[PDB]
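Next comes just one chain, in structure tokens: the form deposited in one PDB entry.
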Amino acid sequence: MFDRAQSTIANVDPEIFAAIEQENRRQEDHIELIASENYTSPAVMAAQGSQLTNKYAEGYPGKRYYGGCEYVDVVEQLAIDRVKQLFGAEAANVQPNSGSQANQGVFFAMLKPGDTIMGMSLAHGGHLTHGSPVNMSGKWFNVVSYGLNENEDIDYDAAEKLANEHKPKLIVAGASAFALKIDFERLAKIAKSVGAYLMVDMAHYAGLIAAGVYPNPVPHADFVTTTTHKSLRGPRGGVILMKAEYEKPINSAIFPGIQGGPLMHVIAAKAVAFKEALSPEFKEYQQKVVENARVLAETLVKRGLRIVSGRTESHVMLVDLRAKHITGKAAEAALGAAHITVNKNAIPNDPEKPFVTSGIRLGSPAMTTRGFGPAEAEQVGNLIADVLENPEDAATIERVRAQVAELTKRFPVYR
């Protein structure tokens, strides 16, 4: 059971082996445009497959409850130091188990149940964790939301009025389906004017920010949270960045507040991902992410679709499908049949029900990771439009699927 020769997934658990093999193949054989998805490196995966899963290391480097933490301390401190370097942060906590736990760490440190918070409207591109009434963020706190103006940019003037009316203890900024640069400096001014903390959840944009191709919230915010996966291209998990004055409450909130033993193998994987993100090659990658998203958007507009906000300045776009008389749900299904993975998403003032929608969200991080360039981004844009224009036509779906197969064979994810 503990011989690495005999204890292989195939020998121990053939069913789980088979499912993993089919998932490996599924990742190769579909073009992934879900904007929150990426492919992480073999080195990152190897780190989280390590024996570091065996170590209980409650506490912090040099300040652990148990002995024997000399080497996991080196690992965690490298992760902290590198993520501080990436974002210019005064302090960091690399223990959060997920983006959700990173956000909850800030809330636990700084708020009490019933306190008022502001966040971006879910209907307008905010995330579940930014105040949904079925998420902790909204169930146990009093939430006021701000959204977009008529031009489909953030309505900063409206946000300012709401902040003055409701006096939130904390303002959340960031989004999961918003294509433009967010004015973090302006949001910091608004927060300061009412005595609120500013927390920026940069999960979608963190990789772009690390590469300098999207604005950095760190100089402006009290707290910045993120996933380590998504555009940062790391393992699944979370990070809190914070001003030095908040180092003690934040660290205390993560442990012993809301977590126990950190996942040290995942933290090793975070450290590896941060080393990758510090490299010149990562900056080139993110430049390509931005270019590919722009080209994809441009192509869809040429084919008669509309981009919410009118343009992208990031990795992501929300496509208004109404000109093609197809719902987001129907588009997602037809594209999936053609081996293009997207997700439905409501648009501002969507006429359709919430599980139907009039939009799809698309992002470039994953296709860019597997090597697509602008010529491929354009091809993909045209293949999408081909499906949208005849979504139930077997021949169309088959033609697109065949073209997708040529692309996925030419651009394998893992070698």
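In this text, rigid core is short for the largest set of C-alphas that superpose within 1.5 Å between two forms. All residue numbers refer to positions in the sequence shown, first residue = 1.
The same protein also has a form deposited in another entry, omitted here; what follows describes it.
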Conformational change between the shown form and the other one, one of 236, 275, 139, 329, C-alpha moving 2 Å or more after core fit: 139
Core-superposed C-alpha of residue 87 shifting 2 Å or more between the shown form and the other one: no
Rigid core superposed: residue 205 CA moves 2 Å or more between the shown form and the other one: no
Residue 341: Cα shift of 2 Å or greater between the shown form and the other one (core-aligned): no
Cα-Cα trend for residue 7 and residue 20, given that in the other entry the distance shifts by 3 Å or more: closer
Closer or farther: C-alpha pair residue 177/residue 88 in the other entry, relative to this form, given a change of 3 Å or more: closer
